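Encoded as structure tokens, the structure appears first; notes follow it.
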Amino acid sequence: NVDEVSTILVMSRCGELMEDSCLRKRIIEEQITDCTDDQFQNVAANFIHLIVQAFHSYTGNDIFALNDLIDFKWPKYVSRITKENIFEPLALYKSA
Amino acid sequence: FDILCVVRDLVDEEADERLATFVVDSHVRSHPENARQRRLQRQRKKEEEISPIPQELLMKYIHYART
Amino acid sequence: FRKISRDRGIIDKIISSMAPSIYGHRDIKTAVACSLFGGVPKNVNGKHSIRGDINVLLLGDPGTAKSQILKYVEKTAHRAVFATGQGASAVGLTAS
Amino acid sequence: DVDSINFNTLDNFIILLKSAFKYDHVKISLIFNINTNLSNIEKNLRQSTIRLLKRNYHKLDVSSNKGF
Amino acid sequence: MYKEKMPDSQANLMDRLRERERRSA
Amino acid sequence: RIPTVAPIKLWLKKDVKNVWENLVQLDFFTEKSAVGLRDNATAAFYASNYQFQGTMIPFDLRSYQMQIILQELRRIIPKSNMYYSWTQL
Amino acid sequence: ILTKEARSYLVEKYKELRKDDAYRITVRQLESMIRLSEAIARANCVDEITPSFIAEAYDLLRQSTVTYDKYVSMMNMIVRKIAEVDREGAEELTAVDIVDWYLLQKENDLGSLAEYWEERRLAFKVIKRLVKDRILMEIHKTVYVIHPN
Ligand SMILES: Nc1ncnc2c1ncn2[C@@H]1O[C@H](COP(=O)(O)OP(=O)(O)O)[C@@H](O)[C@H]1O
């Protein structure tokens, strides 16, 4: 089910995306001293939920298709993360 | 006949916009609103707003040319 | 009249003067004006004759003011008669 | 010559080669000779395989004509 | 139009409906 | 059928392709002359050899037939679905 | 009498209709739109033909649990309210914020104090239906924003 797919992708890709090189480069560039792995997971979960709610009708309740969108849009989504978007996912969505 | 005028009601954004903005102003003009002289002056002002020749003069000109 | 006649390019003013509230259709307005002014009924040597008036047919789709133009010729020409196709009879048009 | 290749067979072959990633000692590179554009590939291949290709791809115009 | 932009009434909207009701008769 | 403004996305033809593929994977659609699974290996060899017309014609022009009739759709689709009103003609 | 901005609104809406026939709409339908706006204002005390009247005439000629019309009426209001704060950049709206605003917009149409809770509950149900249709996107307050569709 849609809820099942949403929970499974969050359970799966969170640790995969919490440790990618691009985000830890951008954190250094943006000097995010208060960033923690708990907030890292929350940012990844927000990303995944946003993709799911935007593209479930496009992909269906399919794990494989959503994974590839999560991989592709992840660099470009990271490029819009700045000092102002650490705590407001709404603003990051607006930028993205 | 001598002249045959064929008309197509084909659709186009620019032509339709021009036609609609002309028609709406025509319907604004034709709507109602020495007083005789003043009202004749206002009517001729509205005629000038849309035609280069006053229409009574045009009628007389046509009659004179035909005569 | 002679003051008006000397204006350069008087023909365009006359053509633009026909039915001002009707937008466009300049190729029809010119024909209407030409039929209003008409030509010369040259009764050459008496024994031969040529009609002096121009006949105009307005053919087109509905919503093209093929009818309201006649409601300008009827109000502009010195003597105009208006009839509808099905509201006329052969006896009625010609002679009774 | 990609355009003349049966795209269903190509898609199945790509999925087959995908199984090779379980081996730690194998690396695979793909060269696509395209005549017109990415449009034919996007039309003919399944949208699942396109996502497999797109994760790491490069685009290069090697035509003999380039801005005079 | 959008004239009713900020009529930030309290729970007095229930009393407003009471005014609507009790005098309609 | 919606009131207008005083001063429901039509999805692009390209994004629909994934939905079209999903509807063929899940056996709702089928080809016009789909023989399906062959009975024996000898016929299966020939089937894997021969290339049908459906393997060459464009993606958007491949004819399909339906396994579920609209009567069953209206019987199964909940009335609370926003496209239930379109289940009939 | 036609208002000046009503002319621009009318030509825009006429082009919108003319695009859809690529019966077929002619200029007679533009005159009909003017005539129907005139008739609607003729059933009212104001001669100013506001764009709302032309919108109503456009809807009446172009269109040729909870009831259909009552539900669809709230959708335009809520979408326009959210698009307003989209342009303003103000704080985003929760479900309660939308419900209270919508009730304020229809204070004069309510019949009784009992109908207050009925309409509030109907509004929440309509919000849930819209979310199920993905015309509104829920983000985290429980923030509702215009869906990417
Ligand atoms: N070119 C045009 N410019 C302005 N108004 C027009 C034009 N064509 C048609 N109209 C409007 O549409 C109506 C057409 O009436 P009518 O002459 O009976 O149409 P038709 O004879 O072409 O079927 C007129 O009242 C006129 O106001």
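Going through the structure tokens in order, the chains are called A, B, and so on, while each chain numbers its residues from 1 and the ligands are numbered from 1 in the order shown.
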Distance filter 9 Å around ligand 1, atoms: only C-alpha atoms and all ligand atoms, out as a PyMOL selection string
(chain B and resi 19-20+22-23+26-27) or (chain C and resi 21-25+58-71) or (chain G and resi 26-31)
Residue neighbourhood range 59-65 of chain B, 9 Å, only C-alpha atoms, exclusion window fewer than 5 positions, as a PyMOL selection string:
(chain B and resi 54) or (chain C and resi 1+36-37+76-78)
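Once residue 28 in chain F and its same-chain neighbours fewer than 4 positions away are set aside, residues 19, 20, 21, 22, 23, 24, 64, 65, 66, 67, 68, 69 and 73 of chain F remain within 12 Å of it when counting only C-alpha atoms.
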Please identify which residues in range 20-77 of chain C DSSP calls alpha helix (DSSP H) from the backbone, and express them as a ChimeraX atom specification.
/C:26-37,70-76
Counting only C-alpha atoms, which residues of chain B sit at most 7 Å from some atom of chain C, and what is each one's closest atom pair with its distance in Å to one decimal, listed by chain and rising residue number, as a tab-separated table?
```
residue	atom	partner	partner_atom	distance
B:1	CA	C:55	CA	4.8
B:2	CA	C:55	CA	5.3
B:3	CA	C:56	CA	5.1
B:4	CA	C:57	CA	5.1
B:5	CA	C:58	CA	5.2
B:6	CA	C:59	CA	5.2
B:7	CA	C:60	CA	4.3
B:8	CA	C:60	CA	6.0
B:9	CA	C:61	CA	6.0
B:19	CA	C:23	CA	6.2
B:22	CA	C:23	CA	6.5
B:26	CA	C:21	CA	5.9
B:50	CA	C:20	CA	6.0
B:51	CA	C:17	CA	5.4
B:52	CA	C:13	CA	6.1
B:53	CA	C:17	CA	6.3
B:59	CA	C:76	CA	6.3
B:61	CA	C:1	CA	6.6
B:62	CA	C:37	CA	6.3
B:66	CA	C:37	CA	6.3
```
Do a neighbour search on residue 9 in chain E at 12 Å with only C-alpha atoms, toss out local chain neighbours closer than 3 positions, and write the hits as a PyMOL selection string.
(chain E and resi 4-6+12-16) or (chain G and resi 100-101+103-104+107)
With N, CA, C and O atoms kept, could you save the residues just selected as a short mmCIF file (atom, residue, chain, number, x, y, z; two decimals), in the first residue's frame?
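Everything below was put into part-v8.cif:
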```cif
data_model
loop_
_atom_site.label_atom_id
_atom_site.label_comp_id
_atom_site.auth_asym_id
_atom_site.auth_seq_id
_atom_site.Cartn_x
_atom_site.Cartn_y
_atom_site.Cartn_z
N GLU E 4 -14.39 40.21 3.10
CA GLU E 4 -14.33 39.57 4.40
C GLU E 4 -12.96 38.93 4.63
O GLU E 4 -12.86 37.72 4.81
N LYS E 5 -11.91 39.76 4.64
CA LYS E 5 -10.56 39.22 4.75
C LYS E 5 -10.22 38.89 6.20
O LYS E 5 -9.81 37.76 6.50
N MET E 6 -10.37 39.85 7.10
CA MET E 6 -10.02 39.60 8.50
C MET E 6 -11.12 40.00 9.47
O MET E 6 -10.93 40.92 10.27
N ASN E 12 -17.99 34.55 19.70
CA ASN E 12 -19.21 35.32 19.52
C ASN E 12 -19.90 35.07 18.19
O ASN E 12 -20.97 35.62 17.95
N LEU E 13 -19.29 34.29 17.29
CA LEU E 13 -19.99 33.91 16.06
C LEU E 13 -21.24 33.10 16.37
O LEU E 13 -22.23 33.18 15.63
N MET E 14 -21.22 32.31 17.44
CA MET E 14 -22.43 31.61 17.86
C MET E 14 -23.51 32.59 18.28
O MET E 14 -24.69 32.41 17.95
N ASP E 15 -23.14 33.65 18.99
CA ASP E 15 -24.10 34.69 19.33
C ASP E 15 -24.57 35.44 18.09
O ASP E 15 -25.71 35.90 18.02
N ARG E 16 -23.69 35.57 17.09
CA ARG E 16 -24.08 36.16 15.81
C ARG E 16 -25.15 35.32 15.12
O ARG E 16 -26.13 35.86 14.59
N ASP G 100 -11.97 28.37 9.66
CA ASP G 100 -12.46 29.60 10.28
C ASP G 100 -12.65 30.69 9.24
O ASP G 100 -13.66 31.40 9.24
N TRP G 101 -11.68 30.83 8.33
CA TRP G 101 -11.79 31.82 7.26
C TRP G 101 -13.01 31.55 6.38
O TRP G 101 -13.75 32.48 6.02
N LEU G 103 -15.78 29.94 7.18
CA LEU G 103 -16.99 30.27 7.93
C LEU G 103 -17.21 31.77 7.98
O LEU G 103 -18.35 32.24 7.88
N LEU G 104 -16.13 32.54 8.14
CA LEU G 104 -16.28 34.00 8.12
C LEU G 104 -16.77 34.48 6.76
O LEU G 104 -17.56 35.43 6.69
N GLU G 107 -20.78 34.05 6.71
CA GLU G 107 -21.53 34.34 7.93
C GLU G 107 -23.00 34.59 7.64
O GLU G 107 -23.87 34.14 8.40
#
```
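Here the DSSP assignment of strand (DSSP E or B), based on backbone atoms, applies within chain F to residues 29, 30, 31, 64, 65 and 66 of chain F.
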Same residues, N, CA and C atoms, output as a PDB file, in the first residue's frame:
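Wrote it out as part08.pdb, contents follow:
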```
ATOM      1  N   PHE F  29      -3.899  -4.842 -19.098  1.00  0.00           N
ATOM      2  CA  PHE F  29      -3.907  -4.777 -20.549  1.00  0.00           C
ATOM      3  C   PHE F  29      -3.290  -6.040 -21.139  1.00  0.00           C
ATOM      4  N   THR F  30      -3.556  -6.252 -22.423  1.00  0.00           N
ATOM      5  CA  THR F  30      -2.929  -7.328 -23.174  1.00  0.00           C
ATOM      6  C   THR F  30      -2.898  -6.933 -24.642  1.00  0.00           C
ATOM      7  N   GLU F  31      -1.969  -7.532 -25.379  1.00  0.00           N
ATOM      8  CA  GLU F  31      -1.832  -7.211 -26.791  1.00  0.00           C
ATOM      9  C   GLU F  31      -3.011  -7.790 -27.571  1.00  0.00           C
ATOM     10  N   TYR F  64      -3.989  -2.455 -27.383  1.00  0.00           N
ATOM     11  CA  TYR F  64      -4.252  -3.260 -26.202  1.00  0.00           C
ATOM     12  C   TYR F  64      -5.740  -3.562 -26.084  1.00  0.00           C
ATOM     13  N   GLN F  65      -6.036  -4.641 -25.368  1.00  0.00           N
ATOM     14  CA  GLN F  65      -7.391  -4.992 -24.980  1.00  0.00           C
ATOM     15  C   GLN F  65      -7.462  -5.067 -23.462  1.00  0.00           C
ATOM     16  N   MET F  66      -8.683  -5.105 -22.946  1.00  0.00           N
ATOM     17  CA  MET F  66      -8.928  -4.953 -21.521  1.00  0.00           C
ATOM     18  C   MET F  66      -9.370  -6.275 -20.912  1.00  0.00           C
TER      19      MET F  66
END
```
Spatial neighbours of residue 71 in chain A, max dist 12 Å, only C-alpha atoms, sep filter under 3 positions, as number ranges by chain
A: 13-14, 16-17, 20, 44, 47-48, 51, 64-68, 74-78; D: 51-52, 54-56
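Across the structure, CA of residue 16 in chain G and CA of residue 3 in chain E are spaced 27.6 Å apart.
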With only C-alpha atoms as the counted atoms, please give the residues lying no more than 12 Å from range 13-16 of chain D, apart from itself and same-chain residues fewer than 3 positions off, as a ChimeraX atom specification.
/D:5-10,19-21,28-30,45-46,48-53
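Between CA of residue 81 in chain F and CA of residue 140 in chain G the separation is 26.3 Å.
Between CA of residue 60 in chain G and CA of residue 11 in chain G lies a distance of 16.9 Å.
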What are the closest atom pairs, with distances in Å to one decimal, for all residues of chain G lying within 9 Å of chain F? Consider only C-alpha atoms, order rows by chain and residue number, and present the result as a tab-separated table.
```
residue	atom	partner	partner_atom	distance
G:9	CA	F:7	CA	8.8
G:50	CA	F:6	CA	8.7
G:51	CA	F:6	CA	6.0
G:52	CA	F:6	CA	5.0
G:53	CA	F:6	CA	8.7
G:54	CA	F:6	CA	8.9
G:55	CA	F:4	CA	6.1
G:56	CA	F:4	CA	7.6
G:58	CA	F:4	CA	8.4
G:59	CA	F:3	CA	6.6
G:62	CA	F:1	CA	8.9
G:63	CA	F:1	CA	6.4
G:69	CA	F:2	CA	8.3
G:72	CA	F:2	CA	6.3
G:73	CA	F:3	CA	6.8
G:75	CA	F:2	CA	8.7
G:76	CA	F:3	CA	7.0
G:77	CA	F:5	CA	8.8
G:80	CA	F:5	CA	8.1
G:129	CA	F:82	CA	8.8
G:133	CA	F:82	CA	7.5
G:134	CA	F:8	CA	8.3
G:135	CA	F:8	CA	6.7
G:148	CA	F:9	CA	8.5
G:149	CA	F:9	CA	4.8
```
